[PDB]
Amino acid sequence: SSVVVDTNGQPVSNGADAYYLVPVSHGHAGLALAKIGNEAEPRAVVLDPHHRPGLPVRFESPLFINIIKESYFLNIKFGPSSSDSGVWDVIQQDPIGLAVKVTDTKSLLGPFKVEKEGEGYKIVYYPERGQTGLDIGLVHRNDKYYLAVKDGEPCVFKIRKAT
């Protein structure tokens, strides 16, 4: 339930600021979009070795507070704060499985949490708010790391403010 912190030791803001997720296990990797299955348009959220420091995200909570706690249920999104595209969700899709993807809507409370993990943070997906979490990790397929549910095997990020 501590406050989520960026690399400069500042609390992460509620929607106001965008942050690069920086893997600590893949220096050359950054966040981006890839196609999955039969889709014309890229909708799956990937780490790309070919792409640092990454597309930046916002962490968003309906709570009228401008700090993020590890305990808050979040929406994570690419793009501007208020807008309703680039909102993260998990979709069961081959060949990846429980894949992190973007969509054009937003729920009141997101299904994601940011949690201290060893030396940094992991994203944890919650299919429902009462239940325990599913760490988000990486599926190496067709030369990239698709973000997807891999419990016990999280991808660790530092949160760098885009500035």
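Numbers for residues come from their place in the sequence shown, where the first is 1.
- According to the PDB record, 19-27 carries the higher mean C-alpha B-factor of the two stretches 6-14 and 19-27.
- The mean C-alpha temperature factor is higher for 35-43 when 35-43 and 53-61 are set side by side.
- The residue among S82, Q92, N75, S71 whose C-alpha atom has the highest B-factor in the PDB entry is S82.
- Reading the B-factor column for the CA atoms of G97, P111, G118, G137 in the entry, the top value corresponds to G118.
- Per the PDB record, residue ranking by Cα B-factor puts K106 in the highest third of the chain.
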